[PDB]
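Okay, so here's the structure we're looking at.
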Amino acid sequence: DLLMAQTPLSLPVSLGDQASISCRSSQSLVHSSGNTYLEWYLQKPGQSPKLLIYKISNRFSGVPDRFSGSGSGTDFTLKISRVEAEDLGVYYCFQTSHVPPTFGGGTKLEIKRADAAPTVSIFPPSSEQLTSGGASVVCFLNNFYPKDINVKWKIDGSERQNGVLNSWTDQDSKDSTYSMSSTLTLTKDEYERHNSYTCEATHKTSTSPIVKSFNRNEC
Amino acid sequence: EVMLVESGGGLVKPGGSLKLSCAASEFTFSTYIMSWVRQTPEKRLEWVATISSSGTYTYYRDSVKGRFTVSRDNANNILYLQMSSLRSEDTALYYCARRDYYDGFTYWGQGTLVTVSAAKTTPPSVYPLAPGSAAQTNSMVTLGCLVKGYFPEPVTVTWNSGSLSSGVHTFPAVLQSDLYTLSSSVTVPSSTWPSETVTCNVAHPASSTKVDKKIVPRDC
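If you read the protein sequences in the order shown, they are chains A and B. Numbered according to our numbering, the first sequence spans residues -17 to 201. Numbered according to our numbering, the second sequence spans residues 175 to 394.
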């Protein structure tokens, strides 16, 4: 079938700098009419996809000049001449010159900004939970950059991996950082047999651990 | 001003059926080709179906032909997708989009989520996250709401009905045991809480549940 390959898969770039994303098809996108029906879309985090370019190089309504599309045959390129923080998200190419219409797999554009240390907060299980037979401790690690982070849990000084679930946001437009949550879930029974609970992180900006802790008896 | 608003998403059994709709306004709907496009759990986009402005001609991705029917109501400006013989493949966020011939998918709705699964609908348990062993560094306070053990996606989380959005992070749900769990965090000035109400608003449309949870300080 007609397949479309995007590269790179992820594209780290600094503000005001240039980025180029490429899309390659497995056969010529030149339609039997001589036309080429290649489009580009941007999906910003939490939004629907947005049309940027159609028919290789025409810019859709409200799309700035610093986006531009070019190419021919089997090779196409979208260029952002001067990257703004708002250009963050996943860029997709799309063809409808040949059956069936197919999208590329997407290129994530990452904004390369200054290092940013996480704000770490730890949240003891609400007493509202505990009747359920379980206890969930939450740790937020917010607004850090780069994304590389080492998070551990300790319980009375001993590390704990069993029961830990992590989730991380996409880069945020407003400040170009990542956030992460980490949640340690135990049975109520085990929760009550330990006293000290600790979330700690190390990051580019802090090699000695950032440590937030609480005691189960404190209020 | 151009608007496309989808609905009808939710949980459906494997081999079951569903109807999505898409209400359009602020353009002449009946003179546009309209499309359905889906986004898979791996974030890939797949074109699903297209219908001509009058409804006369329809085209489908091969894997849905004979299973899905696209149709439209040009009097009321509603695009429909009837889906049968659903499969795990069909789990996706479904967008309606205006298709301007060869000039692109120009306008997209917000999407309605379809989960094909034999697991059961479960509304979320919502617990407050009030900070412990803290009081440090800057002059902000971080609060949250744990939204635990629900099925299917999605939930919507706001804080004070949207007023507090600028300090908000909602984390992606992690799936543990045919149940999802997320947290949402809000960071506000130390002056505004606990002196003022901060409330997370959780909606889970699959279970027709809304939950409001005021975050009140921990004490002894």
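All residues carry an ideal CB built from backbone N, CA and C; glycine is no exception.
- Residues of chain B whose Cβ lies closer than 9 Å to the Cβ of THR101(A) are, in chain order, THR311, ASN312, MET314, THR316, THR361.
- Among the CB atoms of chain B, one or more fall inside 8 Å of the CB of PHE105(A).
- DSSP, read as helix, strand or coil, puts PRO(-6)(A) in strand.
- Nearest in C-alpha terms to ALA292(B), of all of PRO188(B), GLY182(B), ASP393(B), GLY184(B), is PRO188(B).
- With its beta carbon less than 8 Å from one in chain B, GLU110(A) belongs to the interface.
- Annotation note: the region -5 to 39 of chain A contains the following uninterrupted beta strand (DSSP E) runs of length 3 or greater, listed N- to C-terminal: 1 to 7, 20 to 25, 32 to 36.
- Per DSSP, the continuous alpha helix (DSSP H) segment holding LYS170(A) begins and ends at 170 to 174.
- Per the coordinates, the alpha-carbon of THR243(B) lies some 12 Å from the alpha-carbon of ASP236(B).
- The beta carbons of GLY318(B) and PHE122(A) sit closer together than 8 Å.
- The alpha helix (DSSP H) runs lying completely inside the region 350 to 388 of chain B and spanning 4 residues or more number zero.
- Taking 8 Å as the cut-off, the beta carbon of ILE93(A) is found closer than this to the beta carbon of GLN153(A).
- Assignment of beta-bridge partners to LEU260(B) by DSSP yields no partner.
- Contact with chain A is found for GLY278(B), since one of that chain's Cβ atoms lies less than 8 Å from the residue's Cβ.
- Contact between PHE42(A) and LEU303(B) does not hold, since their C-beta atoms are separated by about 42 Å, which reaches or exceeds 8 Å.
- Taking CB atoms only, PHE345(B) has a neighbour in chain A less than 8 Å away.
- Contact of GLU174(A) with chain B is not assigned, every C-beta pair being separated by 8 Å or more.
- For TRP333(B), not one C-beta of chain A is nearer than 8 Å to its own C-beta.
- The DSSP-derived three-state label of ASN334(B) is helix.
- Only buried fits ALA1(A), as 16 or more other CB atoms lie within 10 angstroms of its CB.
- Residues of chain A with a Cβ closer than 7 Å to the Cβ of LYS322(B) are, in chain order, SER118.
- For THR189(A), no chain B residue has a Cβ inside 9 Å of its Cβ, as the nearest lies near 18 Å away.
- Only residues of its own chain outside the window of five on either side were considered, and among them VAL290 have a CB closer than 6 Å to the CB of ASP264(B), listed in chain order.
- DSSP, read as helix, strand or coil, puts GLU220(B) in strand.
- Excluding the 5 residues flanking it on each side, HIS13(A) has same chain C-beta neighbours closer than 8 Å at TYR19, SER79, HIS80, in chain order.
- Taking C-beta atoms as the reference points, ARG212(B) and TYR268(B) count as a pair closer than 8 Å.
- Contact between the region 308 to 324 of chain B and the region 349 to 362 of chain B is established, with three or more Cβ pairs separated by less than 8 Å.
- By the 16-neighbour rule on beta-carbons within 10 angstroms, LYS388(B) is exposed.
- Closest option to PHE58(A), judged by alpha-carbon separation, among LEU(-3)(A), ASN199(A), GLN(-12)(A): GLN(-12)(A).
- Contacts with chain B at 8 Å (Cβ-Cβ) do not include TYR73(A).
- Listed along the chain, the chain B residues whose CB falls inside 8 Å of the CB of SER161(A) are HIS343, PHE345, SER359.
- Using a CB distance cut-off of 8 Å, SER351(B) does not count as an interface residue toward chain A.
- Taking the beta carbon of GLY306(B) as reference, the chain A residues within 8 Å of it are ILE104, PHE105, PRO106, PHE196, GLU200, listed in sequence order.
- Our two residues, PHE201(B) and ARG198(A), have alpha carbons roughly 59 Å apart in a direct line.
- Under the Cβ criterion (8 Å, minimum of three pairs), the region 37 to 53 of chain A does not count as touching the region 83 to 100 of chain A.
- Note on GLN310(B): under 16 other CB atoms within 10 angstroms of its CB, so exposed under the neighbour-count rule.
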